[PDB]
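Raw contents of final11.cif, mmCIF, C-alpha atoms:
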```
data_my_file
loop_
_atom_site.group_PDB
_atom_site.id
_atom_site.type_symbol
_atom_site.label_atom_id
_atom_site.label_comp_id
_atom_site.auth_asym_id
_atom_site.auth_seq_id
_atom_site.Cartn_x
_atom_site.Cartn_y
_atom_site.Cartn_z
ATOM 1 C CA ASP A 1 94.516 51.742 73.391
ATOM 2 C CA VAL A 2 91.263 53.268 74.638
ATOM 3 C CA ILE A 3 92.723 54.162 78.014
ATOM 4 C CA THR A 4 95.998 55.748 76.852
ATOM 5 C CA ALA A 5 94.002 57.932 74.420
ATOM 6 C CA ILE A 6 91.738 59.315 77.184
ATOM 7 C CA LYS A 7 95.032 60.214 78.888
ATOM 8 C CA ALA A 8 96.518 62.028 75.900
ATOM 9 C CA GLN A 9 93.304 63.814 74.770
ATOM 10 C CA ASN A 10 91.985 64.665 78.201
ATOM 11 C CA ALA A 11 95.202 65.843 79.807
ATOM 12 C CA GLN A 12 96.302 69.371 80.784
ATOM 13 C CA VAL A 13 99.696 70.738 79.768
ATOM 14 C CA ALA A 14 101.794 73.665 81.037
ATOM 15 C CA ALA A 15 103.957 76.227 79.222
ATOM 16 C CA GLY A 16 105.364 79.569 80.312
ATOM 17 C CA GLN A 17 104.098 83.090 80.195
ATOM 18 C CA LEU A 18 105.741 85.570 77.859
ATOM 19 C CA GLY A 19 107.916 87.943 79.955
ATOM 20 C CA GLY A 20 107.866 87.037 83.673
ATOM 21 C CA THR A 21 110.727 84.643 84.019
ATOM 22 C CA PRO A 22 113.798 86.797 83.241
ATOM 23 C CA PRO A 23 112.863 88.706 80.113
ATOM 24 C CA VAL A 24 114.962 90.559 77.529
ATOM 25 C CA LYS A 25 115.365 94.344 77.833
ATOM 26 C CA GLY A 26 112.233 96.535 77.600
ATOM 27 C CA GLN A 27 109.626 93.890 76.986
ATOM 28 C CA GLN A 28 106.145 95.340 76.878
ATOM 29 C CA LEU A 29 103.728 92.406 76.857
ATOM 30 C CA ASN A 30 103.354 89.819 79.649
ATOM 31 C CA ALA A 31 100.571 87.202 79.410
ATOM 32 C CA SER A 32 99.886 83.563 80.274
ATOM 33 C CA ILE A 33 100.011 80.838 77.561
ATOM 34 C CA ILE A 34 97.014 78.479 77.815
ATOM 35 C CA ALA A 35 97.769 75.001 76.372
ATOM 36 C CA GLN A 36 95.660 71.838 76.515
ATOM 37 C CA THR A 37 92.933 71.718 79.195
ATOM 38 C CA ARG A 38 90.291 69.074 80.095
ATOM 39 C CA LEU A 39 87.370 67.948 77.906
ATOM 40 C CA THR A 40 84.121 69.262 79.401
ATOM 41 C CA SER A 41 81.362 67.262 77.658
ATOM 42 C CA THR A 42 80.149 63.758 76.752
ATOM 43 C CA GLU A 43 80.369 65.143 73.220
ATOM 44 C CA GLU A 44 84.077 66.009 73.341
ATOM 45 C CA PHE A 45 84.768 62.591 74.777
ATOM 46 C CA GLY A 46 83.108 60.870 71.795
ATOM 47 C CA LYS A 47 85.721 62.509 69.531
ATOM 48 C CA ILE A 48 88.965 60.853 70.509
ATOM 49 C CA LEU A 49 91.325 59.772 67.728
ATOM 50 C CA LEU A 50 91.622 56.128 68.650
ATOM 51 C CA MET B 1 89.268 93.442 160.840
ATOM 52 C CA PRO B 2 92.561 95.394 161.553
ATOM 53 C CA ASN B 3 93.273 96.739 165.074
ATOM 54 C CA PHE B 4 95.500 93.706 165.402
ATOM 55 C CA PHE B 5 98.727 94.964 163.784
ATOM 56 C CA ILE B 6 98.385 98.301 165.643
ATOM 57 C CA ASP B 7 99.559 96.289 168.675
ATOM 58 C CA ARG B 8 101.763 94.462 166.112
ATOM 59 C CA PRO B 9 103.286 97.028 163.670
ATOM 60 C CA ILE B 10 106.238 94.736 162.840
ATOM 61 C CA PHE B 11 104.017 91.793 161.630
ATOM 62 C CA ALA B 12 102.108 94.385 159.557
ATOM 63 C CA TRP B 13 105.274 95.955 158.139
ATOM 64 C CA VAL B 14 106.441 92.385 157.336
ATOM 65 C CA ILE B 15 103.468 91.589 155.082
ATOM 66 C CA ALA B 16 104.118 94.855 153.199
ATOM 67 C CA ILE B 17 107.732 93.753 152.605
ATOM 68 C CA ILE B 18 107.034 90.185 151.317
ATOM 69 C CA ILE B 19 104.303 91.379 148.946
ATOM 70 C CA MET B 20 106.901 93.862 147.704
ATOM 71 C CA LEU B 21 109.660 91.301 147.585
ATOM 72 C CA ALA B 22 107.525 88.727 145.746
ATOM 73 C CA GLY B 23 106.534 90.871 142.746
ATOM 74 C CA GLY B 24 109.608 92.873 141.807
ATOM 75 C CA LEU B 25 111.420 89.594 141.508
ATOM 76 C CA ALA B 26 108.444 89.010 139.251
ATOM 77 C CA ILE B 27 109.369 92.148 137.312
ATOM 78 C CA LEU B 28 112.663 90.502 136.348
ATOM 79 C CA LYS B 29 111.053 87.292 134.886
ATOM 80 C CA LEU B 30 107.722 88.531 133.512
ATOM 81 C CA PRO B 31 107.621 88.479 129.716
ATOM 82 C CA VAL B 32 107.572 91.963 128.111
ATOM 83 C CA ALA B 33 106.005 93.256 124.894
ATOM 84 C CA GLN B 34 103.374 95.631 123.510
ATOM 85 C CA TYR B 35 100.201 93.593 123.248
ATOM 86 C CA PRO B 36 99.480 90.102 124.574
ATOM 87 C CA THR B 37 98.003 87.396 122.283
ATOM 88 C CA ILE B 38 95.270 89.605 120.725
ATOM 89 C CA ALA B 39 94.284 88.625 117.182
ATOM 90 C CA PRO B 40 92.362 85.420 116.363
ATOM 91 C CA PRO B 41 94.710 82.665 115.185
ATOM 92 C CA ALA B 42 94.779 81.585 111.599
ATOM 93 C CA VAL B 43 95.787 78.525 109.551
ATOM 94 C CA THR B 44 96.689 78.739 105.868
ATOM 95 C CA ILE B 45 96.650 75.951 103.292
ATOM 96 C CA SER B 46 99.003 76.499 100.353
ATOM 97 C CA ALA B 47 98.641 74.495 97.142
ATOM 98 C CA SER B 48 100.371 74.776 93.770
ATOM 99 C CA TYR B 49 99.120 73.473 90.340
ATOM 100 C CA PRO B 50 101.916 74.830 88.139
ATOM 101 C CA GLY B 51 100.908 76.191 84.708
#
```

Would you put the structure from the file into structure tokens?
Amino acid sequence: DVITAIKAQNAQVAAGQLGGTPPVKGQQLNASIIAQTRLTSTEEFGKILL
Amino acid sequence: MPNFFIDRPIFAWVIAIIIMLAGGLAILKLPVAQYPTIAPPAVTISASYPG
């Protein structure tokens, strides 16, 4: 239970941009979505819904 | 030293033919291009961490 939490809470996910991959006519914004990314402190690690 | 060859202008003409025959055949097998291998070679590592 401890291990599989560390996996879920300390992972790193991907998701698209906005435009980029074939967009719909006259889009105006293109940026990169930033999902989950790794815990960076002993503190953040303490807080893991177990 | 020369002087030899003056008594022997055939042997001397012969050298001048071979040297000319050798290269010339060379001209029809020598690689052609603009520049020889000039720029330092490079190696490139490509990685990809999608997202």

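As for atom CA of residue 39 of chain A and atom CA of residue 7 of chain A, they are spaced 10.9 Å apart.
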
Selection dump of the PyMOL selection byres ((chain A) within 12 of (chain B)), as a ChimeraX atom specification: /A:12-17,32-37

Selection export as a PDB file, keeping the file's coordinate frame, atoms kept: C-alpha atoms:
```
ATOM      1  CA  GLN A  12      96.302  69.371  80.784  1.00  0.00           C
ATOM      2  CA  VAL A  13      99.696  70.738  79.768  1.00  0.00           C
ATOM      3  CA  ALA A  14     101.794  73.665  81.037  1.00  0.00           C
ATOM      4  CA  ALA A  15     103.957  76.227  79.222  1.00  0.00           C
ATOM      5  CA  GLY A  16     105.364  79.569  80.312  1.00  0.00           C
ATOM      6  CA  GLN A  17     104.098  83.090  80.195  1.00  0.00           C
ATOM      7  CA  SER A  32      99.886  83.563  80.274  1.00  0.00           C
ATOM      8  CA  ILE A  33     100.011  80.838  77.561  1.00  0.00           C
ATOM      9  CA  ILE A  34      97.014  78.479  77.815  1.00  0.00           C
ATOM     10  CA  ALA A  35      97.769  75.001  76.372  1.00  0.00           C
ATOM     11  CA  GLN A  36      95.660  71.838  76.515  1.00  0.00           C
ATOM     12  CA  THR A  37      92.933  71.718  79.195  1.00  0.00           C
TER      13      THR A  37
END
```

Quick one, how far is atom CA of residue 42 of chain B from atom CA of residue 29 of chain B?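 These atoms are spaced 29.0 Å apart.
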
Rounded to one decimal in Å, what is the spacing between atom CA of residue 9 of chain A and atom CA of residue 50 of chain A?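 Between atom CA of residue 9 of chain A and atom CA of residue 50 of chain A the gap is 10.0 Å.
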
Resolved residues for the PyMOL selection byres ((chain A and resi 6) around 12) as an MDAnalysis selection string: chainID A and resid 1:5 7:12 38:39 44:50

Box in all listed atoms of segment 39-45 of chain B, axis-aligned, with 3 Å more on each side; write out centre and edge lengths in Å to one decimal as AutoDock Vina command-line options.
```
--center_x 94.5 --center_y 82.3 --center_z 110.2 --size_x 10.3 --size_y 18.7 --size_z 19.9
```
